[PDB]
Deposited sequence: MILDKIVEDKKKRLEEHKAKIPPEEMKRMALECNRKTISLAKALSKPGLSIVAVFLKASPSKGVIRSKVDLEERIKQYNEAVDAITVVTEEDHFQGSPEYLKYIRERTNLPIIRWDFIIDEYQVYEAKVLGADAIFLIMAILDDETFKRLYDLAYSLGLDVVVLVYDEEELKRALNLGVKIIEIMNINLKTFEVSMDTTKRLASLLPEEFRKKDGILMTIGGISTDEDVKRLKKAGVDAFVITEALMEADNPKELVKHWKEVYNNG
């Protein structure tokens, strides 16, 4: 119903893109074209809570929201998946022109084509999902992204993905606050998994990000306790009349 359609749509989209810009050419452009990446790692490990805002096209007002986010948050995620979310390379290009913050490309990134393409489109980082990559494929894509000067946000969902992830040298880990077995979106997830991080994680420049289930001041206080360095926000920042004030308040609750 859901997972099977996401997979088949993505394979067809990849074939549609590879037709327009062939893979050997996309690789050529990534290697030849000049772009200094804006460091996501530096923006996420700065003291205090870092905020990552998400740009979704669906599930000009955009120029305004970009300007608001530019003054409020620390990095931007752009969703380029096309069938479920109506993203596109053009959408990312549009936002890239209008912000100096680090951009993370969010997509189902399973192919080196998409890593080269991320570099070409001006992303500073990509999202890799442990659940849809075996260990060989993950290491390949992870290494290629860093060879291009990109950071990588690694999404984990449970204890063995985290284990796999730490076992593969990962430095930026995002935990989704979902618990499928209780059909719940709660910080109880990050809390249990964060406890399994080694004590040297932050010391060795490890970065912990979370997404989902945080909306109250008490929620934010739980993050600091857990060693979360950054929070990824979707609708809460889209719907806020005053994103800068919301971020400022979250950061104060975190720091105090």
Which parts of the deposited sequence have no C-alpha atoms in the model? 60-68, 266
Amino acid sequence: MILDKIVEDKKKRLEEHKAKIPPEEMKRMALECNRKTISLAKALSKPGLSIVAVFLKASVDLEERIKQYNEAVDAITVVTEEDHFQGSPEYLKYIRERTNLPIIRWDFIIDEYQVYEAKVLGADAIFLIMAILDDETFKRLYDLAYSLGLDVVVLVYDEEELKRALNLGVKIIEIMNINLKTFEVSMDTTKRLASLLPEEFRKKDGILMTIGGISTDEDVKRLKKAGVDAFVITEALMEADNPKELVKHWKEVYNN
From here on, numbers count along this sequence of modelled residues.
Pick between 119-127 and 151-159: the one whose mean CA B-factor in the entry is higher. 151-159
Where do the C-alpha atoms have the higher mean temperature factor in this entry, in 105-113 or in 84-92? 84-92
Per the deposited entry, the peak Cα B-factor within the set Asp229, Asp219, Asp188, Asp61 goes to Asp61
Quick one: classify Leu133 as lowest, middle or highest third of the chain based on its Cα B-factor. middle
Which third, lowest, middle or highest, does the CA B-factor of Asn167 fall in along this chain? highest
Considering only modelled residues of the same chain, in which third does the CA B-factor of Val247 rank: lowest, middle or highest? lowest
Compare the C-alpha B factor of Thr210 with those of the other modelled residues in its chain, then answer lowest, middle or highest third. lowest
Going by the CA temperature factor in the PDB record, which third of the chain does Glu97 belong to: lowest, middle or highest? middle
